[PDB]
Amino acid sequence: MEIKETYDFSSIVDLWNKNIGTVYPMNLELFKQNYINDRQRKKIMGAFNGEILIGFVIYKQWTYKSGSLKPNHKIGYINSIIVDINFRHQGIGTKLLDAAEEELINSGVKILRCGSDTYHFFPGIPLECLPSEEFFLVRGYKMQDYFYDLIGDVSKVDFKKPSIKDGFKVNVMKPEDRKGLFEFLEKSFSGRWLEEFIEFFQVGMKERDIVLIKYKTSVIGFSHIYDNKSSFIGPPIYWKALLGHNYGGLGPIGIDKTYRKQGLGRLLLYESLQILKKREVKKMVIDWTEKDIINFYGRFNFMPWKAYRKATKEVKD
């Protein structure tokens, strides 16, 4: 058995699907999109029996800015690790993660996170991979709180328009709105979401995918929406194979702090969903939510669908 780098994406994807594809169906388009476009220091290590891939780990170090947030080389990520089902409990996962962690640690990492990376597949350890929590515990990862993807079928329900407030309007973005959108994100959401806007527009996101809420002429909020015409495969539609025909998704969604708790997020969400409904969307996902916000979406008939556990290892000095 040898551990070495591999970029045989077809082999990786086939191993992914055989092992966890029932609940996380992967396609090469998504895999290559997210791996190749990532700007961080990154690597894929495989375990091989001769020519045959039997396991892999994908790992990264935070070396590229996220919007106004400078990179922190102390942070590393385990994007994904899978050992083939016919080769478990032979120490292969330990060998792959030892290789990954040692490389990270030598390059300055002090905090190792499970998922949650840029161009992630997972916000954290999936509930479907609950048994892996013990694997990570043995290595010194600590298990923390949960995040949830939510699912709803917007074709099935009609909602009341929230009572509008004068001056506030919600519309799909136009090209001429970009300046104002970026000024808004620099003020209000200047970290990962700013970076995501910059990056996703480079990899095929279009104005039709963004909804803006304005007070007079000023952008005060946004949402990202997805349907089966989106070119960029973002997190809400990673798992679109599970979602049937006319899938869709929403997220992120944000309102300027000084405008919060006035009904404007509800208005933004309502209008965004109406856009998707009119686009003939059926099942759709809201990704990577915290427990305390679920009921905001639950009012629109969304339910927790997938759960992920945050987990972090502090490198011993």
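The first residue of the shown sequence is 1; numbering continues from there. By rigid core we mean the largest C-alpha set that fits within 1.5 Å across both forms.
**Q** Superpose by the rigid core: which stretch, 219-227 or 157-165, shows more Cα shift in 5 other deposited structures of this protein?
**A** Evaluated in 5 other deposited structures of this protein, the stretch farther from the shown form is 157-165.
**Q** Tell me which stretch has the larger mean Cα B-factor in this entry, 242-250 or 161-169.
**A** Stretch with the higher mean C-alpha B-factor: 161-169.
**Q** Taking only the CA atoms, which stretch has the higher mean B-factor in the record, 111-119 or 190-198?
**A** Higher mean C-alpha B-factor: 190-198.
**Q** Determine which member of 95, 88, 156, 224 has the highest CA B-factor, using the values in the deposited entry.
**A** Highest C-alpha B-factor among the listed residues goes to 156.
**Q** So among 215, 141, 77, 147, who wins on Cα B-factor in the entry?
**A** Going by the entry's C-alpha B-factors, 215 comes out highest.
**Q** Pull the Cα B-factor of residue 29 out of the PDB entry and bin it into the chain's lowest, middle or highest third.
**A** For residue 29, whose C-alpha B-factor we compare with every modelled residue in the chain, the answer is the middle third.
**Q** Within this chain, which third does the Cα B-factor at residue 136 fall in: lowest, middle or highest?
**A** Tercile = lowest for this residue's CA B-factor.
**Q** Tell me, lowest, middle or highest third: where does the Cα B factor of residue 10 rank within its chain?
**A** It falls in the top third of the chain.
**Q** State the tercile, meaning the lowest, middle or highest third, of residue 125 with respect to the CA B-factors recorded for its chain.
**A** As the PDB entry reports it, the C-alpha B-factor of residue 125 lands in the lowest third of its chain.
**Q** Looking at the temperature factor on the CA atom of residue 60, which third of the chain's modelled residues does it land in?
**A** Ranked within chain, residue 60 CA B lands in the lowest tercile.
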